[PDB]
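Participant: got a structure for you, letters missing:
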């Protein structure tokens, strides 16, 4: 309006790039998932690919080579929060 301002850290950290090693490491942890938990991985790509949101989970190949860095960061969270977690209960 008559005034405005910026400086929010959201825009500068939207999604960092993903190296070949990141994409490969993510594949290893994905390969450790049980069948009933692996079919949830494909749904993460549908959350980024509207072009894949009407395809079968068994007809969607995971091409780290065509997918966006942001997609991989979401997938990485799923595995790292499945195989591990951050809680210190009492």
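Facilitator: Sure, I can see it. Numbering: from 1, shown residues only.
Participant: the strands in the chain, which residues?
Facilitator: For the chain, no strands are identified by DSSP state E.
Participant: what residue is smack in the middle of it?
Facilitator: residue 74 (2.1 Å; Cα atoms, centre = their mean).
Participant: give me every residue that touches the closest residue to it other than its chain neighbours.
Facilitator: Counting by Cβ to Cβ, 6 or more residues apart in numbering, the nearest residue to residue 74 once its immediate chain neighbours are dropped is residue 44, at 5.2 Å. For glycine as for every other residue, the C-beta is placed from the backbone atoms N, C-alpha and C. Applying Cβ atoms under 8 Å, 6 or more residues apart in numbering, we find residue 44 in contact with 71, 74-75, 78.
Participant: neighbours around residue 45, how many?
Facilitator: Neighbourhood size, residue 45 [other Cβ atoms under 10 Å]: 22.
Participant: what's the residue nearest to the centre of the chain in contact with, if anything?
Facilitator: So residue 74 contacts 44, 47-48 (Cβ under 8 Å, 6+ apart).
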